[PDB]
There are 2 protein chains.
Amino acid sequence: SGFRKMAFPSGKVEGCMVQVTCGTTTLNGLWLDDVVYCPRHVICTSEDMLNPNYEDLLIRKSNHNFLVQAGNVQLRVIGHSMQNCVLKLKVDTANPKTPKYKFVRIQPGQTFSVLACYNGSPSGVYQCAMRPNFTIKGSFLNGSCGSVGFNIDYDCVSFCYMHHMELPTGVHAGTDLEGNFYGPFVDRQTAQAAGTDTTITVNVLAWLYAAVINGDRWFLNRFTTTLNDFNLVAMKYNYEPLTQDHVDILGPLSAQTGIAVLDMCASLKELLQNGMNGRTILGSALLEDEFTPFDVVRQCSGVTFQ
Amino acid sequence: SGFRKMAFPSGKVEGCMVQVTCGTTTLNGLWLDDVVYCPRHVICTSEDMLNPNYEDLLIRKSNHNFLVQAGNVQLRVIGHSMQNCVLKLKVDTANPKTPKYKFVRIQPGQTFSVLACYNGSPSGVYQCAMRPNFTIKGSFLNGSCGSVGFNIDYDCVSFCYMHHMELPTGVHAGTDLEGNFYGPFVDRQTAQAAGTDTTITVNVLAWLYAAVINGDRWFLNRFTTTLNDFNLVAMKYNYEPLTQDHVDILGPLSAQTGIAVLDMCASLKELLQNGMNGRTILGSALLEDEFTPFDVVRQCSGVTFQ
Ligand SMILES: [Cl-]
């Protein structure tokens, strides 16, 4: 028993992390097969970032201007291309530690682990969610750009995020591994508006099920409610609306606990209107939305990876 | 910026995890050089655990009764010994992925990462603290015994914990890698009393410094206080007393933020007596004690490992 904000084991990703230097700027790259992926703004100086013309800056660069280091193994760049907001550096060596992997574009509310890196070396791993406004609330310092987010399914690494920017508000923005930003953000040092950040309701419900599984049931009540009545309340507190697809995803947790999804919703409704009264759930004094229904099932069933 | 409950990268530990089977029971072992370390209760049946006589049970076992699997590599046991509550299994193969490592016995209030494993395969990684009563509040299911806790300093893995038991209260107990339990616990399925769990004050202060570094300063006040007056209040709320050694450890954070340790203590005193008023600090509605002063400095400075 017990419940923890658990990240994926990072070992398969650690062996893919490299340092990328272009002139004076150094960040992290991801070395898969014979290609290194990194944020295109590795080619910018601090001044360039205010209003970069990436095609013109990249035109001034040649394969030999990029220095790629993996530990004390310098890789040779023999081709380079810009794909959206990522640079693809073709190197002469295939990464011997390349895992089975895929690139995936996740949806808001999905969770993943981040391996925070500096100078191509791993610092720490943590789990986070893609917020509904396509930001992440990370922990990143200067030099962490190119750090990656991932999931694992059995033996395959799904890369879903590359870190690019800290917004002036302290939240973080990045791209998929095809270089398309999540959200309306651009890789420019300019004021940028993130939308309203709503709470991921389907995830809150999942965590309430986790709480029940683990012996925390004080919040269970014998009211019930309808999906429309619940969404009416959710929206007042900036909670995402629940759809039938969400009810479908929660089914297995409903079955395991004997608590129907709409009954759990009525419990949530009461917590929203009346608060937690200085009580806690799974050691938390706030409702938690960084566990998906799949995360809960995974943690409560002991799934492993190879 | 940002602050996250960050675990160490787990890759160096992943390659040390093996499955250990003795008759019908299977758990995790730690393979370093040519020795496998695992909980001695791998030799017990479910019935044996109520009142095991470990010497007599072990006397019935021979090297060939233990099955050690690392992926699809079966290791041969050629010698075995019991050291306190761990079994040392001498195997015929040195682990090629043995990191630089040491065994350390940590003190209450220190933090470490746990790599939760099942059947010798990693499931997830999370960071936790040794509580003052020598328990941990983990996430462990059946079969996770032998999962290990560790820290990394540059290139060296310090193993500090092996998981052995879930107490009837849902909290977790285990040993150092010499097999000595943390706390007064025994590897027997019997009711066991953990002490009062106090809050780790030096860690709370560290996290308050982290909050300031990250822009959360609403809780700063212009009261001050003395160490004795503060400890008088701490004890009323089941907080560990602060000593001069703790004040010494916080010095660098004091210097970086310009806030003296005793001033930070007066801020804490006010939060204890008046609560947080439905406000948050670093996204939390409770005071957090699972970051040490070293963790804060490490996360706020970007330390990496090799
Ligand atoms: Cl909280």
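Residues numbered from 1 in each chain as written, not as in the entry; some residues may be left out. Chains lettered and ligands numbered in written order. Heavy atoms only, no water. Residues with missing side-chain atoms left out of burial classes, pairs and counts.

This entry, as listed in the PDB, derives from X-ray crystallography and reports a resolution of 1.75 Å.

Identification of chain A as 3C-like proteinase nsp5 from Severe acute respiratory syndrome coronavirus 2 is taken from the PDB entry. This entry carries the title "Reduced form of SARS-CoV-2 Main Protease determined by XFEL radiation".

Glancing now at the overall build of chain A. Broken down by element type, chain A carries eight helices and 13 strands. Taking 19 Å as the expected radius of gyration for a compact globule of 306 residues, we find that chain A reaches 22 Å, a close match to that expectation. Referenced to the eigenvectors of the C-alpha coordinate spread, the extents of chain A come out at roughly 70 × 40 × 30 Å. Pairs at least 24 residues apart make up 65% of the contacts formed inside chain A by residues separated by at least 6 positions. (Helix = DSSP H or I, 4+ residues; strand = E, 2+ residues; numbered from the N terminus. Rg over C-alpha atoms; globule rule 2.2 N^0.38 Å. Contact = heavy atoms within 4.5 Å.)

Residues and elements named next belong to chain B. Note on placement: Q69 falls in strand β4 (residues 66–70). Note on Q69: relative accessible area 36%, which makes it partly exposed. As for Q69 and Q19, which are separated by 50 residues in sequence, their C-alpha atoms are 5.1 Å apart. Beyond its immediate sequence surroundings of up to four residues, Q69 is in contact with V18 and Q19. (Buried < 20%, exposed > 50% of the residue type's maximum accessible area, 1.4 Å probe, protein only.)

Our focus in this paragraph is the packing of helix α3 (residues 201–213) of chain B against helix α7 (residues 261–274) of chain B. All names here are of chain B. Running from N to C, α3 and α7 cross one another at 100°; their axes reach a closest spacing of 10 Å. With respect to α7, the axis of α3 lies roughly perpendicular. Contact with α3, carried on its side by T201, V204, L205, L208, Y209 and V212, involves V261, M264, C265, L268 and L271 of α7 and no other residues of that element. When the residues that make up the contact of α3 with α7 are grouped by side-chain class, the tally is ten nonpolar, one polar and no charged. (Axes fitted to C-alpha atoms, helices over the stretch in contact; angles between N-to-C directions. Parallel < 35°, antiparallel > 145°, perpendicular 65-115°, else oblique. Nonpolar A, V, L, I, M, F, W, Y, C, P; charged D, E, K, R; others polar.)

Residues that lie three or four places apart on an α-helix share one face, since the helix turns once every 3.6 residues. Considered for burial, the residues of helix α8 (residues 293–301) of chain B that qualify are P293, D295, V296, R298 and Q299 of chain B. Looking at the buried side of α8 of chain B, the elements it contacts are β10 (121–129) of chain A together with β9 (111–118), β10 (121–129), α3, α5 (244–249) and α6 (251–257) of chain B. Note on α8 of chain B: the residue one or two positions beyond its end, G302 of chain B, has a positive phi of about 80°.

To continue, consider the interface of chain B and chain A. Each partner contributes to the interface: chain B provides 45 residues, whereas chain A provides 45 residues. Our enumeration of links across chain B and chain A arrives at two salt bridges. As a salt-bridge pair, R4 of chain A and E290 of chain B come within 2.8 Å of each other at their nearest N and O atoms. Run the count over chain B and chain A and you get 27 residue pairs in polar contact. (Salt bridge = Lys/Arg side-chain N within 4 Å of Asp/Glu carboxyl O. Polar contact = N/O pair within 3.5 Å; in protein donor to acceptor, adjacent residues only side chain to side chain.)

Turning our attention to the pairing of strand β2 (residues 25–32) of chain A. Residue and element names in this part refer to chain A. With six of eight residues buried, β2 lies mostly within the body of the structure. In this structure, strand β1 (residues 17–22) lies alongside β2, joined through six bridges in antiparallel fashion. Bridge assignment links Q19 to a residue of β2, and that residue is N28. Where β1 hands over to β2, the hairpin turn is made up of two residues, of which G23 adopts a positive phi near 50°. Looking at chain direction, β2 and strand β3 (residues 35–39) are connected through three bridges and run antiparallel. Following the sheet pairing, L32 is matched in β3 by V35. (Pairing = 2+ DSSP bridges.)

Its domain assignment divides chain A into domain 1 (11–91) and domain 2 (201–301). Averaged C-alpha coordinates put domain 1 of chain A and domain 2 of chain A at centres separated by 43 Å. (Domains from an automatic or database assignment.)

The subject of this paragraph is unusual backbone geometry. Backbone geometry at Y154 of chain A places phi at a positive 50°, although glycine is not the residue there. Positionally, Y154 of chain A belongs in the loop between β11 (148–153) and β12 (156–166).

On to the relation of the copies chain B and chain A. Here chain B sits on chain A after a turn of 180° about the axis and a move of 0.0 Å along it, with an RMSD of 0.0 Å. Look at the turn and shift together and you get a two-fold axis relating the two. When each C-alpha of chain B is compared by its distance to the rotation axis, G11 of chain B comes out closest, at 1.7 Å. With an isologous cut-off of 70% or more, the 100% of interface residues of chain B that recur at the interface of chain A puts this contact in the isologous class. (Least-squares fit on C-alpha atoms.)

Inspection of the secondary structure assignment puts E290 of chain A in the loop between α7 (261–274) and α8 (293–301). A distance of 2.8 Å separates polar atoms of two side chains, one belonging to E290 of chain A and the other to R4 of chain B. In this view, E290 of chain A contacts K5, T111, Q127, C128, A129, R131 and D295 of chain A together with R4 of chain B; residues no more than four positions away in its chain are not counted.

Residues and elements named next belong to chain B. Across its 14 residues, α7 extends 20 Å between first and last C-alpha, which sits within 8% of the 20 Å expected from 1.5 Å per residue. Of the positions making up α7, those classed as buried are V261, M264, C265, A266, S267, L268, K269, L271 and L272. The secondary structure elements touched by the buried residues of α7 are α3, α4 (227–236), α5 and α6. Just beyond α7, the residue with positive phi is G275, at close to 70°. (Expected span 1.5 Å × (residues − 1).)

Attention now moves to the packing of aromatic side chains. Residue and element names in this part refer to chain A. Evaluation of the coordinates by the stated rule reveals 18 aromatic pairs over all chains. Centroid distance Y101 to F103: 5.5 Å. Interplanar angle 40°. Geometry classified as tilted. Overall, the relative accessible area of 30% leaves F103 in the partly exposed class. An angle of 65° between the planes, with centres 6.4 Å apart, marks the rings of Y126 and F140 as edge-to-face. (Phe/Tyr/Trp six-rings, centres within 6.5 Å; stacked < 30°, edge-to-face > 60°.)

With that settled, consider the pairing of strand β2 (residues 25–32) of chain B. Of all eight residues in β2 of chain B, seven are buried, a share of seventy percent or more. Where β2 of chain B hands over to strand β3 (residues 35–39) of chain B, the hairpin turn is made up of two residues, of which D33 of chain B adopts a positive phi near 50°.

With 42 residues, the main nonpolar core has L30 and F159 of chain A together with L30 and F159 of chain B as its most contacted residues. If we skip the residues at most four places from it in the chain, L30 of chain A touches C16, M17, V18, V35, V36, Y37, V148, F159, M162 and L177 of chain A. (Core = buried A, V, L, I, M, F, W, Y, C linked by side-chain atoms within 4.5 Å.)

All names here are of chain B. Close contact between α3 and α8 brings their axes to 8 Å; oriented N to C, the two are set at 20°. In terms of axis orientation, α3 runs roughly parallel to α8. The crossing of α3 and α8 is right-handed. Along the contact surface, α3 presents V202, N203, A206, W207, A210 and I213, while α8 presents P293, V296 and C300. (Left-handed = near helix turned anticlockwise from the far one by under 90°.)

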